[PDB]
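For reference, the chain that follows is the form deposited without SN-glycerol-3-phosphate, supplied as structure tokens.
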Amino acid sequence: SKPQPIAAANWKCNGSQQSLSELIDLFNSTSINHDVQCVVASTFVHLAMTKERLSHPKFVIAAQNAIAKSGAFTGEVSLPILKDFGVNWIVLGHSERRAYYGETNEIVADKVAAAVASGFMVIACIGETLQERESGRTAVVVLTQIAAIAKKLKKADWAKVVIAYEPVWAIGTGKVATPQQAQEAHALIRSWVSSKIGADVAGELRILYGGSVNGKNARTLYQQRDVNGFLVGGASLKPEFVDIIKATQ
């Protein structure tokens, strides 16, 4: 017995009106018969189009980032802005952002807290590098990530949180990650939550696999005990995302 799965599509910084419109269309067609939460996370610029055009009852929209308050932050987009706009979902603290845009754990932690406080469903990202992994530092890092986030949350706040574990060590590196390696990590996050936050929170918590997933492997990855869905990059700009959703039962 698992919680409700989530098939999240992180379109990242990609797409055109034309190409996206098409994909939206493929999606609304999809017959999904089980309890799953489909999430399409578009660029800020594509939100409106996606909003109007996505009609499927299992699909909800997410933004790929946000700052906490409004004000003088040229080029940024805030939680109030998003909330007014009718977005209740958010990806926070992705790998690409921690790398290229200076997202310390504490910045992420703060963002998650702000979001949770504004009523969003947060897909908060954690995950270690090839360097970190290699040097025997996996658990230390992942637990620190989750702990930093954990601090600012009250127990009741966990209902608003989804964790996506990203194997950074396996992305762009050459390395392969097996379903047992996903699961090793997944189970260690849940361990942590169970232990510090509580078994009841633990049981309900969605831990999405945030690494390389496609139509071929998603069923297998899904087979694992602590894999509750996916945060999809590549395969999300594609028709196979539909197999990704199916693979969640």
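By rigid core we mean the largest C-alpha set that fits within 1.5 Å across both forms. Residue numbers run from 1 along the displayed sequence.
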If you average the Cα B factors in the entry, which is higher, 135-143 or 86-94?
135-143
Quick check: 162-170 versus 98-106, which has the larger average CA B-factor in the record?
98-106
Highest CA B factor of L20, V227, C13, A9, as deposited, is found at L20
Top residue by Cα temperature factor, when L208, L205, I61, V213 are compared in the entry:
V213
Compared with the other modelled residues in the chain, in which third is the CA B-factor of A187?
middle
Mind checking which third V193 falls in for C-alpha B-factor across the chain?
highest
When the modelled residues of the chain are sorted by Cα temperature factor, does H34 land in the lowest, middle or highest third?
middle
In terms of the CA temperature factor given in the entry, to which third of its chain does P179 belong: lowest, middle or highest?
highest
Temperature factor at the Cα of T248, chain-ranked in thirds, falls in the middle
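Keep in mind the form deposited with SN-glycerol-3-phosphate bound is missing from the figure; the text below concerns it.
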Would you say the site is open or blocked once SN-glycerol-3-phosphate, modelled from its placement in the deposited bound form, is overlaid by superposing the surrounding C-alphas? Use blocked for 3 or more ligand atoms within 2.4 Å of a backbone or C-beta atom.
open
Answer option from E96, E103, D157, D110, heavy atom within 4.5 Å of SN-glycerol-3-phosphate in the deposited bound form
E96
Name the single residue among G71, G136, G75, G172 that comes within 4.5 Å of SN-glycerol-3-phosphate in the deposited bound form, judging by heavy atoms.
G172
Among 183-191, 209-217, 27-35, 45-53, which stretch has residues whose heavy atoms lie within 4.5 Å of SN-glycerol-3-phosphate in the deposited bound form?
209-217
Are any of the heavy atoms in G234 no more than 4.5 Å from a heavy atom of SN-glycerol-3-phosphate in the deposited bound form?
yes
Using heavy atoms and a 4.5 Å limit, would one call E128 a contact residue for SN-glycerol-3-phosphate in the deposited bound form?
no
Can any non-hydrogen atom of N10 be found within 4.5 angstroms of SN-glycerol-3-phosphate in the deposited bound form?
yes
Only one of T173, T178, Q131, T104 shifts by 2 Å or more at CA between the shown form and the other one when the core is aligned; which is it?
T173
Note whether the distance between the C-alpha atoms of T129 and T173 decreases (closer) or increases (farther) in the deposited bound form, against the displayed form; the change is 3 Å or more.
farther
In the deposited bound form, shift in Cα separation for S135 relative to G174, 3 Å or more:
farther
